Amino acid sequence: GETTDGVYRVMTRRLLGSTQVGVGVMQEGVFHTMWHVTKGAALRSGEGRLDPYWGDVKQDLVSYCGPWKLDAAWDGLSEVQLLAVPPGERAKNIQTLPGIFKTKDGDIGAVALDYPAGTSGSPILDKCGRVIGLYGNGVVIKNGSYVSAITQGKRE
Amino acid sequence: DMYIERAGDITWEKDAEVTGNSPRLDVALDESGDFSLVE
Ligand SMILES: N#Cc1n[nH]c2ccccc12
C-alpha cells in the first residue's frame with residue numbers, strides 16, 4: 001500500500017459509517033501510532049497489510065512493519081507545533097510552548113491543546129520538522145481542559 | 001477492520017496559529033499507561 005512518509009488518519013468501518021479512531025506517522029517504512037488507537041490490531045493500506053512489530057501499553061505506543069524510528073526530543077525551551085489531524089477535518093499546524101509533566105521518573109514535555117479523541121497519534125514537531133512525539137495520552141486538569149504528554153518512543 | 005489514509009506532509013508551518021498555555025503539573029503514570037494528577 002501507501003508507504004510515503006507523512007501523517008495518516010487511522011479509520012474503522014466497524015462502527016456507524018467511516019469513523020476516525022486516530023492518527024499516525026509513516027517514516028522510514030514504519031507506521032507509528034498510539035497503542036490506544038489500534039489496540040495492536042492489523043492495519044490495511046489499500047490492498048496491503050501492516051502488521052504490528054513493537055508495542056507497549058505503558059508507553060501507549062505501537063510501531064508497524066519495523067522498529068520505532070522517531071528519536072527527536074523537545075529541547076525544553078522552544079515552541080513546537082502540533083500537526084493536528086482532526087476527524088473529518090484538514091491537517092492544521094498549531095504552535096505552542098509546551099508545559100511539563102513532572103513524574104517520579106523524570107520530566108516530560110506536555111501540550112495544552114484540546115482536540116477530539118480521534119486526533120490521538122497526531123505528531124508534535126520541532127522547528128526542523130522532526131517528530132518529537134505523539135499527541136493523545138495525558139490528563140484532564142482542574143478546569144476541565146485537556147493536557148497531553150509529548151509521548152516519544154526509543155529508537156533501538 | 002482498520003485502514004489508513006494519507007493526510008499530509010510533516011513540516012513546520014511559518015505563520016501557524018500560536019495558542020495554548022504551558023502548565024507544570026505533578027503527574028503519575030500507572031501500569032495501564034494512564035496519566036493522573038498527584039496532589
Ligand atoms: N478525555 C479526553 C480527551 N480530550 N481530548 C483528547 C485528545 C486525545 C486523547 C484524549 C482526549
# chains A, B, ... in the order shown; residues from 1 in each chain; ligands from 1
>>> residues_near_ligand(ligand="ligand 1", cutoff="12 Å", atoms="only C-alpha atoms and all ligand atoms", output="PyMOL selection string")
(chain A and resi 21-23+34-37+60+82+84-87+111-123+134-141+144-151) or (chain B and resi 34-36)
>>> interface_residues(of="chain A", to="chain B", cutoff="8 Å", atoms="only C-alpha atoms", output="ChimeraX atom specification")
/A:2,5-14,38,41-46,57-60,81,83,85,90-91,93-104,110-113,125-130,137-139,141
>>> select_by_dssp(residues="chain B", states="strand (DSSP E)", output="ChimeraX atom specification")
/B:2-8,17-18,24-29,35-37
>>> atom_distance(atom1="atom CA of residue 105 of chain A", atom2="atom CA of residue 67 of chain A")
24.2 Å
